[PDB]
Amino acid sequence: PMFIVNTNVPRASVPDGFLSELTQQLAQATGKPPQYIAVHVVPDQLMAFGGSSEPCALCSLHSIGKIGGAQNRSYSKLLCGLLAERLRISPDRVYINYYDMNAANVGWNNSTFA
């Protein structure tokens, strides 16, 4: 998994340990080793959700498989959970776009995963 969070929450509100926590929890959730997982948090963004500038997040999760109805519902519960607990963002002010990438369409280490 690679997970990207873009939020209007300020940098000083992202707690120490957050990228490590995301990494571990995504490892646990996907049954994938943590060495594969990438995470990225972009705070201080100029964003709105429903025309409001209260805390919100626009996120992406990309995986090579392990994407599907049930799996995505569990990922959304985990990730909204974390964003609510650590960043004080309401789950109904979060979108997470999920992408099932073909191995041939993911570059890594001078080649692809195909």
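Residue numbers run from 1 along the displayed sequence. We call the rigid core the largest set of C-alpha positions that still match within 1.5 Å between the two forms.
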For this session: Name the stretch, 26-34 or 49-57, whose C-alpha atoms sit farther from the shown form on average in 8 other deposited structures of this protein, taking the rigid core as the superposition reference.
Result: 26-34
For this session: Using the B-factors recorded in the PDB entry, average over the C-alpha atoms of 5-13 and of 92-100, then report which stretch comes out higher.
Result: 5-13
Exercise. Averaging C-alpha B-factors over each stretch, which comes out higher, 74-82 or 27-35?
Worked result: 27-35
Problem set entry | Residue of maximum C-alpha B factor among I67, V42, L61, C56, per deposited coordinates | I67
